[PDB]
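One file, protein.csv, carrying CSV, C-alpha atoms:
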chain,number,residue,atom,x,y,z
A,1,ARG,CA,2.3,11.9,20.6
A,2,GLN,CA,5.4,9.9,19.5
A,3,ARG,CA,5.8,7.3,22.3
A,4,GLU,CA,2.2,5.9,22.3
A,5,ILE,CA,2.5,5.4,18.6
A,6,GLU,CA,6.1,3.9,19.0
A,7,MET,CA,5.0,1.6,21.8
A,8,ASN,CA,2.1,0.1,19.9
A,9,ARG,CA,3.1,0.2,16.2
A,10,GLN,CA,6.5,-0.9,15.0
A,11,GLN,CA,8.0,1.5,12.6
A,12,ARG,CA,9.6,-0.4,9.7
A,13,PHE,CA,11.6,0.9,6.7
A,14,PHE,CA,12.4,-0.7,3.4
A,15,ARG,CA,14.2,0.0,0.1
A,16,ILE,CA,14.2,-1.9,-3.1
A,17,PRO,CA,15.3,-1.2,-6.7
A,18,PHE,CA,12.8,-0.7,-9.5
A,19,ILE,CA,12.7,-3.2,-12.4
A,20,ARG,CA,14.2,-2.1,-15.8
A,21,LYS,CA,22.3,-0.1,-15.9
A,22,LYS,CA,21.5,2.3,-13.0
A,23,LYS,CA,18.4,1.5,-11.0
A,24,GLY,CA,15.8,3.7,-9.5
A,25,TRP,CA,15.0,3.1,-5.8
A,26,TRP,CA,11.7,2.7,-4.0
A,27,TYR,CA,11.8,3.6,-0.3
A,28,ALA,CA,9.0,3.1,2.3
A,29,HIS,CA,8.2,3.9,5.9
A,30,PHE,CA,5.4,1.6,7.3
A,31,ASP,CA,3.7,2.8,10.5
A,32,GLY,CA,2.7,-0.7,11.7
A,33,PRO,CA,1.0,-2.6,8.8
A,34,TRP,CA,0.2,0.5,6.7
A,35,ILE,CA,2.4,2.8,4.7
A,36,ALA,CA,3.1,6.3,6.0
A,37,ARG,CA,5.8,7.7,3.7
A,38,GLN,CA,7.0,6.7,0.3
A,39,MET,CA,10.0,8.1,-1.6
A,40,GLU,CA,11.1,7.3,-5.2
A,41,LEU,CA,14.6,8.2,-6.4
A,42,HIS,CA,15.4,7.7,-10.1
A,43,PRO,CA,18.8,8.4,-11.8
A,44,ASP,CA,19.1,11.9,-13.1
A,45,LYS,CA,15.6,12.8,-11.9
A,46,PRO,CA,14.2,14.9,-9.0
A,47,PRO,CA,12.9,12.8,-6.1
A,48,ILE,CA,9.3,11.9,-5.7
A,49,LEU,CA,8.1,12.3,-2.1
A,50,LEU,CA,4.7,10.9,-1.0
A,51,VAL,CA,2.8,11.1,2.3
A,52,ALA,CA,-0.3,9.3,3.5
A,53,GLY,CA,-3.4,11.3,2.9
A,54,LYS,CA,-2.3,13.7,0.3
A,55,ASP,CA,-0.7,11.1,-2.0
A,56,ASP,CA,-2.7,8.0,-1.3
A,57,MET,CA,-3.4,7.3,-5.0
A,58,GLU,CA,0.3,7.0,-5.7
A,59,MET,CA,1.2,4.9,-2.6
A,60,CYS,CA,1.2,1.2,-1.7
A,61,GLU,CA,-2.3,0.1,-0.7
A,62,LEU,CA,-1.3,-3.3,0.6
A,63,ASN,CA,-0.8,-4.4,4.2
A,64,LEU,CA,2.9,-4.8,5.0
A,65,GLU,CA,2.4,-8.5,5.5
A,66,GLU,CA,0.9,-8.8,1.9
A,67,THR,CA,3.8,-7.0,0.1
A,68,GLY,CA,6.4,-9.6,0.7
A,69,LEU,CA,8.8,-6.9,1.8
A,70,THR,CA,9.4,-8.6,5.1
A,71,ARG,CA,10.4,-11.8,3.2
A,72,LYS,CA,12.9,-10.1,0.7
A,73,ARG,CA,16.4,-10.6,2.1
A,74,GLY,CA,18.1,-7.2,2.2
A,75,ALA,CA,15.0,-5.1,1.8
A,76,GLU,CA,14.7,-3.9,5.3
A,77,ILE,CA,16.8,-0.9,6.4
A,78,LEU,CA,17.6,1.2,9.5
A,79,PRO,CA,15.2,4.1,10.4
A,80,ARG,CA,18.1,6.5,10.0
A,81,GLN,CA,18.9,5.2,6.5
A,82,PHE,CA,15.4,6.2,5.4
A,83,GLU,CA,15.4,9.5,7.4
A,84,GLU,CA,18.7,10.8,6.1
A,85,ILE,CA,17.6,10.6,2.5
A,86,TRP,CA,14.0,11.8,3.3
A,87,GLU,CA,15.5,14.8,5.0
A,88,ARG,CA,18.1,15.4,2.3
A,89,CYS,CA,15.3,15.5,-0.3
A,90,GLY,CA,13.2,18.1,1.6
A,91,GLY,CA,10.8,15.6,3.2
A,92,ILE,CA,10.4,17.6,6.4
A,93,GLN,CA,9.1,20.7,4.6
A,94,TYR,CA,7.1,18.5,2.3
A,95,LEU,CA,5.3,16.8,5.2
A,96,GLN,CA,5.0,19.9,7.2
A,97,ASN,CA,3.3,21.7,4.3
A,98,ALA,CA,0.9,18.7,3.9
A,99,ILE,CA,0.1,19.0,7.6
A,100,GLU,CA,-0.4,22.8,7.4
A,101,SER,CA,-2.8,22.4,4.5
A,102,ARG,CA,-4.7,19.6,6.3
A,103,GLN,CA,-3.9,17.1,3.5
A,104,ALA,CA,-1.8,14.7,5.6
A,105,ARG,CA,-3.2,11.7,7.4
A,106,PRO,CA,-2.0,11.5,11.0
A,107,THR,CA,0.8,8.9,11.3
A,108,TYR,CA,4.0,8.3,13.3
A,109,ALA,CA,5.8,10.7,10.8
A,110,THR,CA,3.4,13.6,11.5
A,111,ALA,CA,3.7,12.9,15.2
A,112,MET,CA,7.5,13.2,14.7
A,113,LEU,CA,6.9,16.7,13.2
A,114,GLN,CA,4.5,17.8,16.0
A,115,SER,CA,7.7,18.7,17.9
B,1,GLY,CA,-1.3,-16.7,-1.3
B,2,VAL,CA,1.1,-14.8,-3.5
B,3,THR,CA,-1.3,-13.0,-5.7
B,4,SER,CA,-0.7,-10.2,-3.3
B,5,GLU,CA,3.0,-10.1,-4.0
B,6,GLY,CA,2.2,-10.1,-7.7
B,7,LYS,CA,0.0,-7.1,-7.0
B,8,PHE,CA,3.0,-5.4,-5.3
B,9,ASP,CA,5.0,-6.2,-8.4
B,10,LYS,CA,2.5,-4.5,-10.7
B,11,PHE,CA,2.3,-1.6,-8.3
B,12,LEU,CA,6.1,-1.1,-8.5
B,13,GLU,CA,6.0,-1.3,-12.3
B,14,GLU,CA,3.4,1.5,-12.5
B,15,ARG,CA,5.4,3.6,-10.0
B,16,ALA,CA,8.5,3.0,-12.0
B,17,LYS,CA,6.7,4.6,-14.9
B,18,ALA,CA,5.6,7.5,-12.9
B,19,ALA,CA,9.0,9.3,-13.3
B,20,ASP,CA,9.2,9.4,-17.1
B,21,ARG,CA,7.3,12.7,-17.0
B,22,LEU,CA,9.9,14.3,-14.7
B,23,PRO,CA,12.6,16.6,-16.0
B,24,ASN,CA,16.2,15.4,-16.2
B,25,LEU,CA,18.6,17.0,-13.8
B,26,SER,CA,21.2,17.0,-16.6
B,27,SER,CA,18.8,18.8,-19.0
As a first step, turn the structure in this file into structure tokens.
Amino acid sequence: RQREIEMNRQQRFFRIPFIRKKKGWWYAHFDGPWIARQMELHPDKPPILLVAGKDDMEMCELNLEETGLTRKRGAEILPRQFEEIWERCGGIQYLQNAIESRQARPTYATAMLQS
Amino acid sequence: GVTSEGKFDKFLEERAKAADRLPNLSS
């Protein structure tokens, strides 16, 4: 269910450039303190989409508080700024497939697709 | 403690490398 998650865990969204010109971008959706979705967009490359469970080995293992993301001015973004790019890159089908195959850890994002 | 933010930095650097195996859109 979406509201019970919502009403207990703040959903927070971040984007930062990769270190060395055009930069690649690292996007994240934190479901409370722990990452739920990760998206990596490099110039002239296909997107990398990552969801908790299936892609744990490629995803941030730190608690949000530990990352320093909340203390980097300009890193935090609107939910919709993440969502629009996630959806444009095929993130809905990606997560849905992960759910279907029983590879996705239940998060706010999967609750969003339970609709 | 900012060892953890160092850790986040190292993490980002390895992720940044994870795309060099991907094909270019241009060719």
Polymer residues at most 7 Å from region 17-25 of chain B, only C-alpha atoms, same-chain spacing of 2 or more positions, as number ranges by chain: A: 44-46; B: 13-15, 27
For residue 9 (chain B): contacts at 12 Å, all atoms listed in the file, fewer than 3 positions along chain excluded, given as a list in words: residues 16, 17, 18, 19, 26, 60, 62, 66, 67, 68 and 69 of chain A; 2, 3, 4, 5, 6, 12, 13, 14, 15 and 16 of chain B
Among the residues A:76, A:65, A:55, A:4, the one that comes closest to residue 36 (chain A) [using all atoms listed in the file]: A:55
Using only C-alpha atoms: which of A:43, A:74, A:53, A:91 has the shortest distance to chain B: A:43
Atom-to-atom span, CA of residue 37 (chain A) and CA of residue 52 (chain A), Å: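 CA of residue 52 (chain A) lies 6.3 Å from CA of residue 37 (chain A).
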Residues near residue 39 (chain A), cut-off 6 Å, all atoms listed in the file, skip fewer than 3 positions along chain, as a list in words: residues 27, 48 and 49 of chain A
Among the residues A:97, A:85, A:47, A:31, the one that comes closest to residue 2 (chain A) [using all atoms listed in the file]: A:31
